[PDB]
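J.: This is the structure I want to talk about, given as structure tokens.
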RNA sequence: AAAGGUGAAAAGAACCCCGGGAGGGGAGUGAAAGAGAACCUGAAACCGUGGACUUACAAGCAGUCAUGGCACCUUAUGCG
RNA sequence: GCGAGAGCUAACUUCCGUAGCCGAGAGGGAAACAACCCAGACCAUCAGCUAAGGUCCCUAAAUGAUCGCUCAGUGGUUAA
RNA sequence: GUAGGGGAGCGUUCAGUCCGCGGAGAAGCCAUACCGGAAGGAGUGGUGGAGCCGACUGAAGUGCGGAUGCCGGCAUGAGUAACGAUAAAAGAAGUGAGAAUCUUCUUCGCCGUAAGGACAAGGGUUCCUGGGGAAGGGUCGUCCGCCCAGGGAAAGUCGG
Ligand SMILES: [Mg+2]
Ligand SMILES: [Mg+2]
């Protein structure tokens, strides 16, 4: 079989540097269009990140800072966005799919906060 | 009648709802795929299906289809909302033979084909 | 050499019995509820940018 | 003086090429093959006349006794009978008489038994 | 090495349509574009569109002879 | 095939004699099958009599007639 | 009826001669159920756009499926295998007829006795600026080492 549960298409570090790279852009710009699948990878990861930020203690900040290497973006998620999602049962990030693309026929999409 | 020679002059010979992109740098066989979903329908649909169909042959077929339309309409004073792809097809124009290197000295020729995409629009109607 | 290699040219026919399966399926376009242009089910209307409200920029 | 083959060969070819009709694929579009098909074609053509003669008398003999036996005779017998009566001497059209005119055919049938035993 | 050919004469296509272009459709010139500049004729292989008769229990050098069905009938309705 | 040698009176073996056919020979027959058997194709014919071989059905023609033989499927893979 | 010998003829070009034919239309091409014992011939229609049948005689680079033949064109394999080091890439923003593939920003990753820098030889303008967008670039390209135009190179002591 192969009844596992995750995705790659890169080695072990690339797949981690991406999910971190998108995690950050998503949080730094509230929205980003990306390959449909990549957004799918991103979504859960990021939601987790918003939930770690959603604690306010230094510990929770320091943890987020492990997957958000930009001081400015951490402050945002830490002080602006995490506090805002206070009352929603971690469930906000939505993906919209757009049209297929020209250079490679790949269907792009939107993942927005 | 008269005889051939007089005919040629009494007449000019025209092509209703007809356009044709000659020498499109694609493979006939490749373009045909797209030209095939569009054959025989509401020139509207053709406009529509092309916008979405993923093959990169779609643009050219698009362009020819809206040129054959801009004719049926103009040079033919046709009623666009009865227009429908009467006929469409793809023929091969010249072929751009190009040489490519291969392993151990030998060489090869890549055939970069080309196509003449022509499409003919015509008013439909039942009766 | 080029080890396996074909025994005979294939009929124009045979060669076609083959391809009897390469016909594209035309998209199943829907008509956008607002600007009414046709769209792709579950995606945003490239002509108005809606998906109930207006998501993509004009 | 030089002396091309021009037009002289195209024609020789179209001649054969056009003989091949419902000749399947290549056999009806390529000279060489189409032509070649027509050699075997010779073989059949010629030998099939000296032969449909063989085939037809067979169709005749088959019917002539599916009527012969329709009364109680059978080709073998039946035939020698009409024979026994130099009088009778069709054999050719006999089948047909046996296929279309039952009224008649019977006649000849019984006619033989009446020249037989 | 290969490589020729608009038209009598450039009169070689003003202006309008679709296209970024290429290309094409009209208009106009010309006897002719059923000569337009990837321009005398333009065979064949080879690709394709439409139509007619066919084909999804079948073992096939691919035809040939015979018969029936369907279609069509300018040297051709009576033979094809 | 017939007559010999050679060879294990082996070989679609080899070498000579001699007849026939294939080679340069179609047609019928022997399932298929150069040479075995009957026969030598000037062309046409939905005509007729025969050869060798055959006459339950697959294919044309007596599942014919009379007196017997074997029960083995002998028929339709050999001997002391 | 194979090797072979003998006989009678068909066709192709060129040449002499005869009868001619043609822009209301030649040759060539294309279609055809006619003609002749064959090679072959004719009629009709379509195409074509200028030279051309028939007859007698003469001369021939005179007749093709084969030669792993020669040149050219086009097929099959088949939309198959490949797209040339496993040093990754992401987002935003911009330009544009059109961009994964160009430009900008911000990150990521790879080399760092090098995948940095300076010459030599060799190559020549490939350099810079503005344009370009056929073909080349194993894919896009609005970009390029590609195309077009203009500009650029400065030595008494560095090499000769
Ligand atoms: Mg013994
Ligand atoms: Mg050859």
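Numbers in chain C track Swiss-Prot; the residues on display, in order, are 2-59.
Determined by X-ray crystallography, 2.9 Å, according to the entry header.
Any Cβ shown, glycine's included, is placed from N, Cα and C.
As annotated in Swiss-Prot:
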BINDING   C:33, C:36, C:46, C:49  Zn(2+) binding site
ZN_FING   C:33-49  zinc finger
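Can you tell me where each of these features sits in this structure?
T.: Taking the Cβ of residue C:46 (Zn(2+) binding site) as centre and 10 Å as the limit, one finds 24 other Cβ atoms among all the protein chains shown.
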J.: For the binding-site residues listed here (C:33, C:36, C:49), which one has the lowest count of neighbouring CB atoms within 10 Å of its own CB?
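T.: Each of the binding-site residues C:33, C:36, C:49 was scored by Cβ atoms within 10 Å; lowest is C:36.
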J.: Please list, for the zinc finger (C:33-49), how many residues fall into helix, strand and coil according to DSSP.
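T.: The counts are 0 helix, 3 strand, 14 coil.
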